Each structure stands twice: as structure tokens, then as C-alpha cells.
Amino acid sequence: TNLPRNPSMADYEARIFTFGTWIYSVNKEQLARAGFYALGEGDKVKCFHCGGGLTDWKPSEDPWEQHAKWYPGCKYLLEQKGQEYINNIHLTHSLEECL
């Protein structure tokens, strides 16, 4: 049902390879472990499983967190971090708006 959108990038090694020319603050090993691979069009990266694309990284920012924040539907994310992790990121935002 929920098959990788890009099965060619399903291996960690495939993904890190893409970060050859990586010159940006955010750690390429962390991006890769969170399912992303670089597009060589700035700091743009894309999730191999959900196909979600992300840009304009700041130095502090966590790939996993951003993955959940923007693309919580990903099956890879769910297998790797679980329901609670994803829902936690979203409830956190709701509490911020509430108080």
C-alpha cells in the first residue's frame, strides 16, 4: 500500500552519496538517516519514502523533527520514530497556539 516513492534511494549509502558536495550547516549523516537525499539544487533534500522536500535549513534544526513537522504521513518516519514521536511534534505546536 505505502511503498517507497523512490526505492532507488532506500539504502543509507545511496543517500549519503548524494551529499558529496554538501556545504551547509546541517549534518549530512543526520539528513540521510532521516530518509533524505540531496538534489544538488541548493540545500534542497527529499525523503526517499514520502517524497517530501525540504529547504532553508538552520544550524540547530533536527532532520527527524522537520520530517515529522512537515510530512508526518511518511511510513519510514513511522517505522523509525513511532506514532508518539510524530503526534508529539504536532501536539507541541497546538499547545503553543493554545497558551
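We number the residues from 1 along the sequence you see. In this text, rigid core is short for the largest set of C-alphas that superpose within 1.5 Å between two forms.
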Of 71-79 and 18-26, which departs more from this form in 6 other deposited structures of this protein by CA RMS after core fitting: 18-26
8-16 against 83-91 - segment lying farther from this form in 6 other deposited structures of this protein (CA RMS, rigid core fit): 83-91
Residue range whose averaged C-alpha B-factor is higher in the record, 29-37 or 69-77: 29-37
8-16 versus 79-87 - which carries the larger mean C-alpha B factor in the record: 8-16
Assigned third (lowest, middle, highest) for the C-alpha B factor of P59: highest
